[PDB]
Amino acid sequence: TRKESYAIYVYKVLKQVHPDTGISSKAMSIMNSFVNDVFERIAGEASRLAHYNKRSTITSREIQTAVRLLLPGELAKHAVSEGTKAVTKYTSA
Amino acid sequence: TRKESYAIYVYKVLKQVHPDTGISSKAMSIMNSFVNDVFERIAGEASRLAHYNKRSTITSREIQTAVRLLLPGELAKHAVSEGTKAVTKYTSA
Amino acid sequence: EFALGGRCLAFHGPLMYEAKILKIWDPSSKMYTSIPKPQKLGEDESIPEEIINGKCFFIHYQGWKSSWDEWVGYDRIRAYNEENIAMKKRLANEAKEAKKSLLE
Amino acid sequence: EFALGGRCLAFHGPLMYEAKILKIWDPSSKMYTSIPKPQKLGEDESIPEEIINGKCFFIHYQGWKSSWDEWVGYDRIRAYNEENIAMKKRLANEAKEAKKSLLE
Amino acid sequence: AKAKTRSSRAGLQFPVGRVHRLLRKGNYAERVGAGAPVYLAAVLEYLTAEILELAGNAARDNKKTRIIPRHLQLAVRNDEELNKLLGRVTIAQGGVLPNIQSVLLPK
Amino acid sequence: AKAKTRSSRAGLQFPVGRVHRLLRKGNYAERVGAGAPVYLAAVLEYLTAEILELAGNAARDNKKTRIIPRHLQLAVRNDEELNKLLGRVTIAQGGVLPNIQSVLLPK
Amino acid sequence: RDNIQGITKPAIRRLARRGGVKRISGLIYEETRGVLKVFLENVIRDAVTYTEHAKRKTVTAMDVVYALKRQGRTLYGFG
Amino acid sequence: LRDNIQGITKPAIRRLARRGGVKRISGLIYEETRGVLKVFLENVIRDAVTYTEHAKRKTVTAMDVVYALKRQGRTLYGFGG
Amino acid sequence: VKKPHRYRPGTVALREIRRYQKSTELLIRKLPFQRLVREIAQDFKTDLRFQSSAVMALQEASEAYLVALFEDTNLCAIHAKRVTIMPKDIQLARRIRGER
Amino acid sequence: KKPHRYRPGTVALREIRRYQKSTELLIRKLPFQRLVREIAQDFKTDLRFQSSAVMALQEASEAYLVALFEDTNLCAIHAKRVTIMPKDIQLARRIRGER
DNA sequence: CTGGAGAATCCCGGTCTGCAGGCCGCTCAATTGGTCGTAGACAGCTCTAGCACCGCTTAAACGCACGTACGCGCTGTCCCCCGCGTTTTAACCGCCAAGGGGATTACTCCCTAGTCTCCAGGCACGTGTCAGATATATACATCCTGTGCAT
DNA sequence: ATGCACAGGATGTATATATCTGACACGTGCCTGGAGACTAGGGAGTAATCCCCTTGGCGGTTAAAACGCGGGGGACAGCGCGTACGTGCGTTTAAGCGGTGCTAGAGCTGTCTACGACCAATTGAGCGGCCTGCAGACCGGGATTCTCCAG
């Protein structure tokens, strides 16, 4: 059947940061595995946070707290700023 | 309010194995933590196994496979034996 | 010189050591005065007869464990002075040269 | 003794080294025969003029790398025999004696 | 008829209904089978029984009638498979096993 | 009105709708808020951008126009915080960092 | 303010004795303090994170237990 | 299939140690390395076969190996994920 | 001629190793560790209150971590034909554990 | 007339640099495949194997062994040696937690 | 220092090819719009426990003297591992062929979620012993230095 | 005068008895969470099909493994030193405990509002299949670097 992956979005981001750089299929598979692994980590931590506090909903606050718990130092602050910016832009428009 | 634990069942098991030995409150708290930890490990592994095979139900086969994955050596064999015996007795009765 | 809690010196063979007094003896009343106070000889405290009738002192030696407290009569204990420390060094050098002769 | 693929043992100064041959020369026809072959002298292959007119052979030494291949004539290339091994050990012994005289 | 517990039917001491509720409400799967809580309760009871037997042995070797955390630590760390199971687990007030390296002994 | 994707609404390259579906299908919670997929997609996009930028630098340093697993490994292991994040991860066909201890150097 | 000096030399010595260490260099103690501090930071940070997600101002035992569990150090006897 | 651990030869272990930065190798290292590799492979393959058997399959897939490696705290990128 | 009694270097050490591997009480003083915890928990948030069990759990975990690190340090020191632990032993132990 | 051999230890550094730059597999593939199948023989009979599963097993095994050698080298240098010995491997695996 | 020599590696053209990236048809999952029920946001109350202060008491930490055993530098021997040439093996590639089993699709049926009613298992709280704590008063077992034997 | 082997005083550890307490075990009320009964529909079990990809075989080439050997240098053992540790005692300090007091904030309850599930129609973003030009791999031969040794 049909299998889905993050390849097209990884390629979009790569052409954003390095417009004259390509990528091999093995490297794209590694990047897809990386995205899936990070998704699983953040989602599992957010689920644990929701369960600890007697909540049924996973909101953006749980995602932010999970990002602060799972990312080190400057990565966490930059990711939190990016997520807040994205949520603000989504709510305004 | 009222907080549930495994204290009474651990006490019954203790009175079965050592019918004259008591247990302090700190040791009982440690046993409760142990029971919760094992429950969480086995349930998480069973959920992962169910998701891997595109299935919506956690059956006793998921529990058995999780027990074989998480327990070392003879512990896995004996735990599988007890689980199979309990399931057979529950269905026959 | 000789007071409760004051420093004193004490002989032992050819050497000398600094001690602290805790019980000063009065034989005619057969009582020692102590600091944590005229009190009689206790259920375990006792002095031999050749020193129980003289001015005795129950002392604890500085630099030695509290199990080696000693009831010393007025025969050995001297008044704490700098000349006594000079004699301390005299016997220290005596023992030093004695051991150096034992070896060399 | 002397054939393509056959062993040989040749002098080099006061010692000898054992080698395996690959080319047989013919000065009358001025051609070498080799094995992976009557062929004219190579574009990179040549022989010194004192042995190009004699029975020369292109040898590769044992224990040496594939770059020390040498064209040696019948002046040094001897017949591999029992006496040849004996004189090999003989000059080995004399080399050992010379080294010991250099040392002791 | 009169109510009969599922743990009694399975011959267990741990609550099958409570384990079934904790499985349903724990966000593990959409559906939970009927024989899953029974199997899980049997496994939990077996592990509890193993640990309690070893800890009671340890408490008796110390001539005590009550299990304290020290006895649980001794039981877990002296058993190889139980020490592997609780490898990354810290038991509070449990101490350590008495072990001195040989080269540190007086020779 | 014509369909407008949530990714374009939030100004992101990663699919907000697919992230929302995966969050709903993963048995993480009973319900999912509206801003959670947007936040998660933004975070994933930022991390992808970081790793891709470092890998592109490492590929241009080696004088190539494509990123291979070796360049990803170099980028990750040379960056301290990415090395911390992917500390228990093996990148296939990535090799190792060329580090030699000073005591083994010829002296 | 120098509370890391409150972890005194005898206490580090006792910890080493329980660890089976017979002889201790003089430079160990300061080093030990450093290590301890780092560990505490890595835990306390995460604990406070939980304390801030629940909109609480008091750090509870369960926050410490969760931080320890997520750092790979499961602790029994505190809930 | 018997005595295939000796197919992990001494030169291969030497290359693996060179990539690790090792300059000099004792002669008793190769057997210890073979034993360590056997232990690691047994621990991974047991879980891989457990995953294969739970699915009622007869062939071990790359995903079974990936899940076995992940369960042992060794995540592997680039093999399907 | 009087000599004072004193054990040789390495006897009281073994006595203490046997004493502290037999008991289970905490080894660090409580108030100093509490002050250290409260000071460290100030680069993260201000005016933080602490449950007593929180500090108790922190002390348990930190002492267990230190004891295990000391065991690894002792193994590292012995590996170098020594009986004295040095900071390089702690550094090597933490590097091999994955902390460095 | 000298064989021109290198001193003990320079070729070792040369191949350290050679193998710390490449990324290919260092073990032969057929022997490793046979070893994997022989090990799996004791868990289930008549097992089949995708080629990518054997590839993943080999990648993980070589990564593990390279990391273990990196720790063993530190353990050996700690003893003020240059040669790695089995006790170094044992100490490394024990400190990791595997023993 | 310091030229040469030999080996290892680098570099720069020239050729060839697999796959990276772009285009295309289609379909199925994302979007839009409207309903509806309930999770939690928010405001208010209670009363728990966390923080602060203070006074005694004594265990513990600290400073310091003294000495000895251990870390470390140095030296000498020997053995074992490395560099390297030669011979042997089996890994790798290519090419093909058979069939096992994993994936797909249809059909059915039973098993689990949902709902209501009911009643007893478990939990919160109140009491009362006795296991463990704590204190004091004695046997052991080691540690260690001074005795002798005699080589 | 040196390594062996006892005697014994010092000292800290384990045993024995005794008294007291507070922590555990047991008993009672209640209430809500689990058990019994029943329905529906969808997830899973089963049977047939296919075609992919896994296993198996065989021949040729040569890369890599195996093997033998000389020699350097690294491992390791012994020795000497001095100093940085351990031990123990006198002194200072602050921890520990009990007490009193205050209030911030954890925890709980009630209301209702906004937000998220759910469903039906629409459709375009994304997946799959196909193709092709170029980035990169592979040569090969000069150029340049690195190591070694002899002077």
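The sequence lines fix the lettering, A, B, ..., with proteins before strands; numbering per chain opens at 1.
Look at A:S25 and you'll find a side-chain N or O under 4.0 angstrom from OP1 or OP2 of K:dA20. Close to K:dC70, at under 4.0 Å from its OP1 or OP2, lies no side-chain N or O of I:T84. At the phosphate of L:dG33, OP1 or OP2 sits under 4.0 Å from a side-chain N or O atom of B:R2. Residue H:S26 places at least one side-chain N or O under 4.0 Å from the OP1 or OP2 atom of K:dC81. For K:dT32, one of the phosphate oxygens OP1 or OP2 lies less than 4.0 angstrom from a side-chain nitrogen or oxygen of F:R9. Contact check, H:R14 against K:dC82: a side-chain N or O comes under 4.0 Å of OP1 or OP2. For the OP1/OP2 pair of K:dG21 and a distance below 4.0 Å, the side-chain nitrogens and oxygens of A:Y11 include at least one atom meeting the criterion. In this model, the phosphate group of L:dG42 is not approached by any side-chain N or O of B:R55 to a distance below 4.0 Å at OP1 or OP2. Taking side-chain N and O atoms only, B:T57 has no distance below 4.0 Å to OP1 or OP2 of K:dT112. In this structure, H:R57 does not reach the K:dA103 phosphate: none of its side-chain N or O atoms is under 4.0 Å from OP1 or OP2. OP1 or OP2 of K:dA30 sits under 4.0 Å from a side-chain N or O of F:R21. Within the structure, a side-chain polar atom (N or O) of D:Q62 is placed less than 4.0 Å from OP1 or OP2 of K:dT86. Contact annotation: J:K2 reaches the phosphate of L:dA150 (side-chain N/O to OP1 or OP2, under 4.0 Å). Proximity of B:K12 to the phosphate of K:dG122: a side-chain N or O atom is located under 4.0 Å from OP1 or OP2.
Nucleotide L:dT2 forms no Watson-Crick or G-U wobble pair with any nucleotide shown, as no partner meets the under 3.5 Å limit on both distances. As the counterpart of L:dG151, K:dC1 is assigned, both hydrogen-bonding distances of the Watson-Crick or G-U wobble pattern falling under 3.5 Å.
When the nucleotides K:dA20, L:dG36, L:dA75 are ranked by their closest atom to the side chain of E:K4, L:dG36 comes out on top. Closest approach to the E:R31 side chain among L:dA44, L:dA75, L:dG136 is made by L:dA44 (side chain taken as heavy atoms from C-beta onward). Across L:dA35, L:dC127, K:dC70, the shortest atom-to-atom separation from the side chain of I:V83 is found for K:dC70.
Taking five base pairs at each end of the helix from K:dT9-L:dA143 to K:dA139-L:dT13, the local helix axes there meet at an angle of 140°, rounded to 10°.
Inter-residue side-chain proximity for E:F14 and B:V10 is flagged as met; some heavy-atom pair is nearer than 4.5 Å.
Cation-pi contact between I:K2 and C:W68: absent, since separation from the ring centre below 6.0 Å together with deviation from the ring axis within 45° is not met. Judged by the 6.0 Å distance and 45° axis criteria, I:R15 is positioned over the aromatic ring of I:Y7.
Residue B:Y6 is classed as having no contact, given no heavy-atom separation below 4.0 Å to the nucleic acid. Within the nucleic acid shown, I:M86 comes within 4.0 Å of sugar-phosphate atoms alone, with no base atom in reach, counting heavy atoms only. D:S66 comes within contact range of no nucleotide atom at all, as no heavy-atom separation falls under 4.0 Å. Contact annotation for C:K65: backbone-only contact, meaning every heavy-atom pair under 4.0 Å involves sugar-phosphate atoms and none involves a base. Residue contacts shown for B:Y9 are limited to sugar-phosphate atoms, with no base heavy atom under 4.0 Å away. Within the 4.0 angstrom heavy-atom criterion, no nucleotide atom of any strand lies near F:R24. When heavy atoms are screened at a 4.0 angstrom cut-off, J:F32 is found touching no nucleic acid atom at all. As judged by a 4.0 angstrom heavy-atom cut-off over every strand, I:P32 is placed among residues touching the sugar-phosphate backbone only.
Across the protein-nucleic acid pair, E:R6 atom CZ and K:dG121 atom P stand 15 Å apart, rounded to whole Å.
H:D64 and H:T61 form a side-chain donor-acceptor contact under 3.5 Å, judged by distance and modelled atom types alone. At a cut-off of 3.5 Å, with distance as the only test, a side-chain donor of G:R23 or I:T84 sits close to an acceptor on the other residue.
Here the straight-line distance linking atom CG of J:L47 with atom CZ of H:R57 works out to 10.5 Å at 0.5 Å rounding.
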At under 4.0 Å between heavy atoms, how does the protein contact nucleotides 42-65 of chain K? Give one character per nucleotide, 5' to 3', with B, S or -.
--------SS---------SS---
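Looking at which nucleotide of DNA chain L each of B:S24 and I:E16 is closest to, the 5′-most match is held by B:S24.
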